[PDB]
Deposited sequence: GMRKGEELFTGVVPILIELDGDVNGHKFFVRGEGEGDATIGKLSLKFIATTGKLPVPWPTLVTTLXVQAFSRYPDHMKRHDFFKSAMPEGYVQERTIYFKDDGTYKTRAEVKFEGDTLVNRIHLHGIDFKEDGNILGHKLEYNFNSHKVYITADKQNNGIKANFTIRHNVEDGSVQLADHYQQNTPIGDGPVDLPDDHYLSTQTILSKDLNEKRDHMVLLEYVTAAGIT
């Protein structure tokens, strides 16, 4: 388990969404290194225009988070490998619509694949999301994780910067069960959103650093 993340690991991400009737598909490819809690990914939409800002999808696209070598006992994500785990989430955007997510994170050879499906409902156009009024960036957050004794689950809020100056919050409720146990801790997350030099498609370059505490 902890064996597989001792070096450089390539990543593959697939996501499928449906927000108020608007469908789309995002393909993600790159590389991650759990030793320093670093992953560099590039996401490409094949349906063209997104009906939803990239920052909101960031949390929906953790086995590469750096756990201190005395807190390896709290790393559930690496213990489930290479069998994998399921990642269920229901993101509650403040004063707007919500997300529903179930992901499949497992090893398919030499790469780690993340199969995701998303559902968006009750979103208001004229809001921060459908109007695309959120800043193309990501703040620092704390992912409080509790243990799921009879087999984990996490809780955290995301602060999306609005172009006007306000902040769009989003409560995240997470549940993880292994496909094939820690005390209450949390993770410190840092993420950078960017674009690439020669890429005329709607995309998102992602560099993220996460460390346990």
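* Asked: If you line up the deposited sequence with the model, which stretches have no C-alpha coordinates?
  -> Those stretches are 1-4, 66-67, 158-159, 189-193, 227-229, listed in order.
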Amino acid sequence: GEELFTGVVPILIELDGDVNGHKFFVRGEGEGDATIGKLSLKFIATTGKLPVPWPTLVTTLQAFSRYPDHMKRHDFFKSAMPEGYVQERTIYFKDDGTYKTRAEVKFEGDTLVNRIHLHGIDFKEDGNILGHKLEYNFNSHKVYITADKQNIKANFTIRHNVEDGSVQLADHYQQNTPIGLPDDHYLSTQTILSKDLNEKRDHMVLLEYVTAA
From here on, numbers count along this sequence of modelled residues.
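* Can you let me know which of the two, 127-135 or 111-119, has the higher average C-alpha B-factor in the entry? => Looking at the recorded C-alpha B-factors, 127-135 comes out higher on average.
* Asked: Of the options 56, 157, 175, 62, which has the highest CA B factor as deposited?
  -> Highest C-alpha B-factor among the listed options: 175.
* Asked: By its CA B factor, does residue 48 count among the lowest, middle or highest third of the modelled residues in the chain?
  -> It belongs to the middle third of the chain when residues are ordered by C-alpha B-factor.
* Where does residue 149 sit by CA temperature factor within its chain: lowest, middle or highest third? -> Tercile = highest for this residue's CA B-factor.
* residue 79's Cα B-factor: lowest, middle or highest third of the chain? -> According to the entry, residue 79 has a C-alpha B-factor in the chain's highest third.
* Asked: Thinking about Cα B factors across the chain, which third does residue 169 belong to?
  -> Residue 169: CA B-factor falls in the lowest third of its chain.
* To do: Can you work out whether the C-alpha temperature factor of residue 200 puts it in the lowest, middle or highest third of the chain?
  => Answer is highest: the recorded C-alpha B-factor places it there.
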